[PDB]
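Scroll down for the structure; my scribbles are underneath it.
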Amino acid sequence: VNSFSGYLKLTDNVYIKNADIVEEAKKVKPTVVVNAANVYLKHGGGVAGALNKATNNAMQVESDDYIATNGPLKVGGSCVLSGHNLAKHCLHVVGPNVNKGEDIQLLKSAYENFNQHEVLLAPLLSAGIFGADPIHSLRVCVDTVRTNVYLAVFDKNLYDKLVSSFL
Ligand SMILES: Nc1ccc(C(=O)O)c(O)c1
């Protein structure tokens with residue numbers, strides 16, 4: 001048993017809810033929250049900008065030190081950093097950004113990072129401003145992640161479309 005509430009069960013291991021991931025993290029304090037990161041860990045917009053704002057910019061300060069030491073992530077890659085006030089840990093995962101021309105085949109590689117963690121609160125990778133089809137992102141998630149993933153979908157209209165169209 002875990003602390004996640006109000007989720008629809010899609011599969012043995014994948015759950016979904018219409019929720020603001022920031023508000024969900026603040027309530028649950030999960031072991032792992034996933035960030036929709038870019039390779040520079042520049043948390044300006046989207047889930048990343050919202051998560052970073054909720055940490056009062058401490059996520060960005062920590063991220064800048066990580067990049068100064070290690071250089072940029074790979075598209076499809078990840079790093080584990082602090083979860084600050086939102087979670088124990090934040091798994092920063094880089095899905096391909098279609099609005100920058102990145103290979104959508106890298107979305108499966110991105111989701112494979114989730115398998116290193118038994119339970120995660122996450123957004124749909126490459127959904128929203130990263131420009132991918134969220135229906136596709138949910139299909140790759142279900143077909144790739146084997147650990148327990150709680151997906152928080154911000155847009156109510158999209159949530160309903162994802163559930164209604166789910167095979
Ligand atoms: N508070 C939130 C939650 C999600 C997003 C998102 O873009 O997916 C956002 O931009 C703000």
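Naming works like this for the structure tokens: A, B, ... for the chains as they're shown, residue 1 at the start of each chain, ligands 1 onward in shown order.
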
Fill in: Polymer residues at most 12 Å from residue 167 of chain A, only C-alpha atoms, same-chain spacing of 6 or more positions, as a PyMOL selection string
chain A and resi 10-11+135-136+138-139+142-143+161

Discussion item. Which residues are near ligand 1 - at most 6 Å, using only C-alpha atoms and all ligand atoms? Format: as number ranges by chain.
Written reply: A: 20-22, 46-47, 50, 128, 154

Take the selection from the previous step and output its residues with N, CA and C atoms, as a PDB file, in the first residue's frame.
```pdb
ATOM      1  N   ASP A  20      -2.375  18.549 -10.938  1.00  0.00           N
ATOM      2  CA  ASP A  20      -1.165  19.389 -10.996  1.00  0.00           C
ATOM      3  C   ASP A  20      -0.073  18.632 -10.247  1.00  0.00           C
ATOM      4  N   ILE A  21       0.971  18.209 -10.978  1.00  0.00           N
ATOM      5  CA  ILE A  21       2.088  17.447 -10.382  1.00  0.00           C
ATOM      6  C   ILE A  21       2.744  18.182  -9.210  1.00  0.00           C
ATOM      7  N   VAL A  22       2.775  19.507  -9.268  1.00  0.00           N
ATOM      8  CA  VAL A  22       3.322  20.310  -8.141  1.00  0.00           C
ATOM      9  C   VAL A  22       2.490  20.077  -6.874  1.00  0.00           C
ATOM     10  N   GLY A  46       7.003  24.860 -18.504  1.00  0.00           N
ATOM     11  CA  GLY A  46       6.320  23.571 -18.301  1.00  0.00           C
ATOM     12  C   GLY A  46       6.488  22.997 -16.914  1.00  0.00           C
ATOM     13  N   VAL A  47       6.360  21.670 -16.850  1.00  0.00           N
ATOM     14  CA  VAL A  47       6.511  20.921 -15.573  1.00  0.00           C
ATOM     15  C   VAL A  47       7.811  21.389 -14.928  1.00  0.00           C
ATOM     16  N   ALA A  50       7.382  24.843 -13.455  1.00  0.00           N
ATOM     17  CA  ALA A  50       6.436  24.799 -12.331  1.00  0.00           C
ATOM     18  C   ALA A  50       7.080  24.126 -11.127  1.00  0.00           C
ATOM     19  N   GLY A 128       2.730  18.108 -23.767  1.00  0.00           N
ATOM     20  CA  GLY A 128       2.716  19.564 -23.577  1.00  0.00           C
ATOM     21  C   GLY A 128       3.677  20.256 -24.533  1.00  0.00           C
ATOM     22  N   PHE A 154      -2.009  17.335 -16.142  1.00  0.00           N
ATOM     23  CA  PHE A 154      -2.499  18.688 -15.773  1.00  0.00           C
ATOM     24  C   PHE A 154      -3.808  19.089 -16.477  1.00  0.00           C
TER      25      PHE A 154
END
```

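Closest approach to residue 150 of chain A from the set A:112, A:118, A:102, A:64 is made by A:118, with distances taken over only C-alpha atoms.
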
Discussion item. Residues of chain A classed as alpha helix (DSSP H) by DSSP on the backbone are to be reported as a PyMOL selection string.
Written reply: chain A and resi 21-28+46-54+58-70+106-112+134-144+156-165

Worksheet entry | For residue 25 of chain A, the nearest of the candidates A:121, A:61, A:127, A:104, counting only C-alpha atoms |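 Among A:121, A:61, A:127, A:104, it is A:121 that comes nearest to residue 25 of chain A.
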
I need the strand (DSSP E or B) residues of segment 14-53 of chain A per DSSP on the backbone, written as a tab-separated table (two decimals) with C-alpha atoms, in the first residue's frame.
```tsv
chain	number	residue	atom	x	y	z
A	14	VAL	CA	0.52	2.32	-14.45
A	15	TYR	CA	-1.97	4.70	-12.80
A	16	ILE	CA	-3.25	8.10	-14.03
A	17	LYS	CA	-4.99	11.17	-12.50
A	18	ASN	CA	-6.02	14.71	-13.62
A	32	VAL	CA	10.65	10.16	-6.56
A	33	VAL	CA	9.06	12.95	-8.59
A	34	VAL	CA	10.02	13.00	-12.28
A	35	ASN	CA	10.88	16.32	-13.95
A	36	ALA	CA	10.38	16.92	-17.67
```

Discussion item. Given only C-alpha atoms as the basis, pick out the residue of A:116, A:31, A:157, A:147 nearest to residue 78 of chain A.
Written reply: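 Result for the nearest residue to residue 78 of chain A: A:116.
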
Discussion item. Taking only C-alpha atoms into account, name the residue in A:53, A:89, A:43, A:84 that is nearest to residue 30 of chain A.
Written reply: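 Smallest distance to residue 30 of chain A is found for A:89.
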
Discussion item. Let me make sure I understand: among A:73, A:28, A:98, A:132, which one has the smallest atom-to-atom distance to residue 42 of chain A if we use only C-alpha atoms?
Written reply: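 Closest to residue 42 of chain A of all the choices is A:73.
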
Discussion item. Using only C-alpha atoms, can you tell me which of A:59, A:129, A:19, A:41 comes closest to residue 83 of chain A?
Written reply: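 Of A:59, A:129, A:19, A:41, the one nearest residue 83 of chain A, counting only C-alpha atoms, is A:59.
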
Just want the 7 Å neighbourhood of residue 79 of chain A, counted on only C-alpha atoms, with same-chain residues fewer than 3 positions away dropped. Output as a CSV table (one decimal) with N, CA and C atoms, in the first residue's frame.
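Dumped to part13.csv:
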```
chain,number,residue,atom,x,y,z
A,91,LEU,N,14.0,12.8,-10.2
A,91,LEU,CA,14.6,12.2,-11.4
A,91,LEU,C,14.3,13.1,-12.6
A,92,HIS,N,15.4,13.8,-13.0
A,92,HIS,CA,15.3,14.7,-14.2
A,92,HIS,C,15.4,13.9,-15.4
A,93,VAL,N,14.4,13.7,-16.2
A,93,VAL,CA,14.4,12.9,-17.4
A,93,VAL,C,14.2,13.7,-18.6
```
